[PDB]
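One structure below.
Numbers restart at 1 for each chain; the letters A, B, ... are given by sequence-line order, proteins then strands. Heavy atoms only: backbone and side chains are in, while hydrogens, waters and symmetry mates are out.
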Amino acid sequence: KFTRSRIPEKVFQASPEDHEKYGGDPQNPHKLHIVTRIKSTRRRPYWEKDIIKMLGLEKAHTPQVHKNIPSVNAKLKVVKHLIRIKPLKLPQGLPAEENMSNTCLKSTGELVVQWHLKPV
Amino acid sequence: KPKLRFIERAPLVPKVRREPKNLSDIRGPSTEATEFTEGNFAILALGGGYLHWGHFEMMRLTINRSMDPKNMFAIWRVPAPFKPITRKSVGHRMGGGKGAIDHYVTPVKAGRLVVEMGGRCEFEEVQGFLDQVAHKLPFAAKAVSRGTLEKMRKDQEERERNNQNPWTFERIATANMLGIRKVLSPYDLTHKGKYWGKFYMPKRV
Amino acid sequence: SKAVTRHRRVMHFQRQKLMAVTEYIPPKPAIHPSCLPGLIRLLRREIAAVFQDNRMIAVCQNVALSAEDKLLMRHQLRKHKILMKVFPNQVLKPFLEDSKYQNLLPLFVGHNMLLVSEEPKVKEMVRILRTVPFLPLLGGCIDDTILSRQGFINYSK
RNA sequence: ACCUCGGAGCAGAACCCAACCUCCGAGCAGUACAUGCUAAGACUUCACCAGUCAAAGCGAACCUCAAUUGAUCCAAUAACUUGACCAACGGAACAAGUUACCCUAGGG
RNA sequence: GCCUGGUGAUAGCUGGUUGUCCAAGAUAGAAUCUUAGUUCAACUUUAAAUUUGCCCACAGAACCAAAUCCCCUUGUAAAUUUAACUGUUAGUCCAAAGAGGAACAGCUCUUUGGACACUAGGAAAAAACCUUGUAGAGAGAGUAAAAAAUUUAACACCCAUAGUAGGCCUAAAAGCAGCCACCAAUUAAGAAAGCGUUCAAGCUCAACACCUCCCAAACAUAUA
Ligand SMILES: [Mg+2]
Ligand SMILES: [Mg+2]
Ligand SMILES: [Mg+2]
Ligand SMILES: [Mg+2]
Ligand SMILES: [Mg+2]
Ligand SMILES: [Mg+2]
Ligand SMILES: [Mg+2]
Ligand SMILES: [Mg+2]
Ligand SMILES: [Mg+2]
């Protein structure tokens, strides 16, 4: 019977090779995820359809911010085949109320808090 | 008694209750009787299937024909036909219960040894009639020594350690990578993609 | 169709794509590896003992006979204390350089049989070989001096 | 051949799960006569109907078994109660064979 | 018989049901002279009241596999109750676990999940496979799925005497009809692994000396 799939924990334990591959540090990890739906919930079980609705990923190719806490990570582990996750990196600070309007999340994964449209 | 003893068609005590054909007694790697036990040569099953009585007579007959009893002894590993396979009467309509017991059968899974050989004999002597026997079997089989068995198991370890392919079936199935347990069995997490139905893929890592 | 069938069941298409993506890939080296780089001492002691034994030696191409004919040659040379020896030249080419035979290194190849001796009946052996219009006398060497067949006529006479 | 009820497998681990699927059974017997009366809270055969469990209380002492069964109306009875192999077992109060003469409405 | 009337007989059956536009909306079952039907439920719809629902973590659930129940956090926004009613149900196929059958069927029966009875793109055409969903206009752009890959089988050139026509059994069966030993000579050829003869004699092998009419057209070379 087709059932809901548990995934073992060894799957979610990084190796130093992977820290060389992607850009991560096991000490001081990232706070916020960017999650994007890149696959359809059609032809997927109803539980995955639900988790996609909870995480706020009904529209594809639209980024959503989440917390990197084990609850949200549990929901993300259920639908990890439909999404893409990158760390939200922040080169400058998080935006203050002065820089609240003039932001832009770039493709790299960074969120720039001063978004002019001039060349450097 | 260095010959194959007679294997009967059906045991003395019958089996009065009919059984469902639980075809998972063919599927997958065998657990019982995979290694040698006071043997040197065998007919390993590279796949699962059912042995009838007629198969047992093909093995007993065509082995005890070409065999030196003063040089070679042999042992059945697979027991007598015990699974009652039923057939309904010929050209009768469906329903009306389950058909009467027709004939008994043993299930043999892949990696099972069927007939052990032993004695003062080299492998190249016994390759011939065990290859003839191994071809008369219903499933794909092979005459295997001890050194050839450990040879091909060490080969399978070499395949599992040498491959430059980052994606194995084990990493994809158990992690549920591409949402792919929607297409797989729950047995494919333990068969690890080397078994499809009753067949066996030796070439597949 | 059941899960176990008699024929190989058609897979789902993503099952088949998984099976193709996760095929075995063998390692390829940068350079192909193939494009990179008792009886013997019985013959050494035996024939080396035959080296010190003989004062005179001769040899022929004794392959050109029958079995009973080689029995006749074996008996007619058994009439002498000469000995005939069929042995591989494979080991005899290091035998000669061991025995300091530099003029005998170009002698021993192909089918040959030794006629090691201390007493020459080799004229009478030639008398046996003159009745058969083949099987010539190949040159020998008495006491580190080489014998041509002309030297076999001279010394044998 | 069957039609109702129960146990086991199918249905491996909460519940549920079919088949003219695989195997067992039931349509009682025995003991007790407080097998009295009441009453919180629950379970429940996927509805309903039926079924089950029950503390406290009053009154007294100092039930086993799995299934072991049948609605309403009507009867019988002063009353309490009792009444179907109504087994086609949610049961019409009581009705057989056959038609190449069949007929009509439809379905394959 | 035929006519008139009862008579607009009755029909769980067939056929048919007429403007616009938007919205919400599909698969448990139980009984039934019942399986071409109804009733209740489940699901569905509107209105109303309220407060939690869904996802879930430790702990926890029995003796004789995949998972599930339970469930705070968290992520979300629904749920229950009240009022009022209609309608729908032999679903089909695919994946998985099974049962019956022939481990036949576009076959029959359950379970879990998808998809289809809702759109578009792909797979030759294409209900059910893959990609993809929420609606309009655009002579803009980035993508998703998405093109079948294979082609086989040469082989060692020689070199063979002798105890012996090994004993016994066998008319004789000699390496070769069977039992047993299977030693030995030269440098080395088995008391013999295949032809072969009643039996022989003859031939090879190991070992010695050299080593109804096919069905896109096509194309192996330019940087992914
Ligand atoms: Mg209930
Ligand atoms: Mg009835
Ligand atoms: Mg009934
Ligand atoms: Mg009418
Ligand atoms: Mg009607
Ligand atoms: Mg709508
Ligand atoms: Mg009735
Ligand atoms: Mg009807
Ligand atoms: Mg709770």
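Searching all strands for a Watson-Crick or G-U wobble partner of E:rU17 with both distances below 3.5 Å returns nothing. Pair check for E:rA201 finds none; no Watson-Crick or G-U wobble contact set falls under 3.5 Å. Across all strands shown, D:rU22 forms a Watson-Crick or G-U wobble pair, both distances under 3.5 Å, with D:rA8. With a cut-off of 3.5 Å on both pairing distances, the Watson-Crick or G-U wobble partner of E:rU81 is E:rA48. With a cut-off of 3.5 Å on both pairing distances, the Watson-Crick or G-U wobble partner of E:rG98 is E:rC109.
Looking at the side chain of A:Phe2, the nearest of the listed nucleotides E:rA209, E:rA103, E:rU112 is E:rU112. Listed candidates were E:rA99, E:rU74, E:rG133. Nearest to the side chain of A:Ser71 is E:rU74. For C:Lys2, whose side chain is taken as the heavy atoms from C-beta onward, the closest listed nucleotide among E:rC104, E:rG101, E:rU68 is E:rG101. Listed candidates were E:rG100, E:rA188, E:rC210. Nearest to the side chain of B:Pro20 is E:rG100.
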Between the protein and nucleotides 145-153 of chain E, which nitrogen or oxygen pairs come in under 3.5 angstrom?
{"residue": "E:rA146", "atom": "OP1", "partner": "C:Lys17", "partner atom": "NZ", "Å": "2.8"}

Under 3.5 Å, which protein N or O atoms sit close to an N or O of nucleotides 174-177 of chain E? Give each pair with its distance.
none

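OP1 or OP2 of E:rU111 has not a single side-chain nitrogen or oxygen of A:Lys1 nearer than 4.0 Å. Contact annotation: C:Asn89 reaches the phosphate of E:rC210 (side-chain N/O to OP1 or OP2, under 4.0 Å). Contact annotation: C:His12 reaches the phosphate of E:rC130 (side-chain N/O to OP1 or OP2, under 4.0 Å). In this structure, B:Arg17 does not reach the D:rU22 phosphate: none of its side-chain N or O atoms is under 4.0 Å from OP1 or OP2. At E:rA144, none of the side-chain N or O atoms of A:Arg42 fall inside 4.0 Å of OP1 or OP2 (strictly under the cut-off). Put simply, B:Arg18 has no side-chain N or O that comes within less than 4.0 Å of OP1 or OP2 on D:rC21. Residue B:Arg27 places none of its side-chain N or O atoms closer than 4.0 Å to OP1 or OP2 of E:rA103. Under 4.0 angstrom from either OP1 or OP2 of E:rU132 there lies at least one side-chain N or O belonging to A:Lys39. Phosphate proximity of E:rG114 to A:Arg44: absent, as no side-chain N or O sits under 4.0 Å from OP1 or OP2. Between E:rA95 and C:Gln14, no contact under 4.0 Å exists linking OP1 or OP2 to a side-chain N or O. For A:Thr3, no side-chain nitrogen or oxygen approaches OP1 or OP2 of E:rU112 to under 4.0 Å.
Taking atom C1' on both E:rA188 and E:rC158, the two are 15 Å apart, rounded to the nearest angstrom. Taking atom P on both E:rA191 and E:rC169, the two are 23 Å apart, rounded to the nearest angstrom. When the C1' atom is used for both E:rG122 and E:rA147, the distance is 12 Å, rounded to whole Å. For the P atoms, the distance linking E:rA120 with E:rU111 amounts to 33 Å, nearest Å. Look at the P atom in both E:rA105 and E:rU80: the space between them is 43 Å, to the nearest Å.
Residue contacts shown for C:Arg78 are absent, as no nucleic acid heavy atom lies under 4.0 Å away. Looking at heavy-atom distances under 4.0 Å, C:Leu43 makes no contact with the nucleic acid at all. If you check every strand for non-hydrogen atoms under 4.0 Å, A:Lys59 touches nothing. No contact: C:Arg15 has no heavy atom under 4.0 Å from any strand. Using a 4.0 Å heavy-atom criterion, one finds that C:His111 contacts the bases of the nucleic acid, with or without backbone contacts as well. Contacts of A:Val78 with the nucleic acid, taken as non-hydrogen atoms under 4.0 Å apart, are absent. Base contact: C:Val4 has a heavy atom under 4.0 Å from a base atom. No contact: C:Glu68 has no heavy atom under 4.0 Å from any strand. If you check every strand for non-hydrogen atoms under 4.0 Å, A:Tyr46 touches sugar and phosphate atoms only.
In this model, no side-chain donor or acceptor of A:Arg4 finds a partner on the base of E:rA67 within 3.5 Å. Side-chain to base pairing of A:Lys67 with E:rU74: no donor and acceptor N or O lie closer than 3.5 Å to each other. Side-chain to base pairing of B:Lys21 with E:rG101: one donor and one acceptor N or O lie within less than 3.5 Å of each other. In terms of polar N and O atoms assigned as donor or acceptor, the side chain of A:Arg43 comes within less than 3.5 Å of the base of E:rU132 in a complementary pairing.
Under the 3.5 Å cutoff applied to both distances, E:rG91 and E:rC116 qualify as a Watson-Crick or G-U wobble pair.
Within residues 167-195 of chain B, the residues approaching RNA chain E are B:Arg181, B:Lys182, B:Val183, B:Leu184, B:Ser185, B:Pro186, B:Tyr187, by heavy-atom distance under 4.0 Å. Heavy-atom distances under 4.0 Å link RNA chain D to B:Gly95, B:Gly96, B:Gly97, B:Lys98 of residues 86-102 of chain B, given in residue order. Residues from residues 128-141 of chain B lying near RNA chain E, meaning a heavy-atom separation below 4.0 Å, are absent.
With B:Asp25 as reference, B:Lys83 is the one residue of B:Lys83, B:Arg112, B:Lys198, B:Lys109 to meet the salt bridge (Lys or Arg N to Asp or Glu O under 4.0 Å) rule. A ring-ring contact (aromatic ring centres under 6.0 Å, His included) with C:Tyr101 is found for one member of C:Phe95, C:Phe108, C:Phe51 and no other, namely C:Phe51.
In the displayed structure, C:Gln52 atom CD is contacted under 6.0 Å by at most 12 heavy atoms of other residues, nucleotides or ligands.
With sequence neighbours excluded, the residues that form a side-chain contact (heavy atoms from CB on, under 4.5 Å) with B:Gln164 are C:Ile25, C:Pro27.
For E:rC118, the ring torsion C1'-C2'-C3'-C4' comes out negative, which puts the sugar in the south group.
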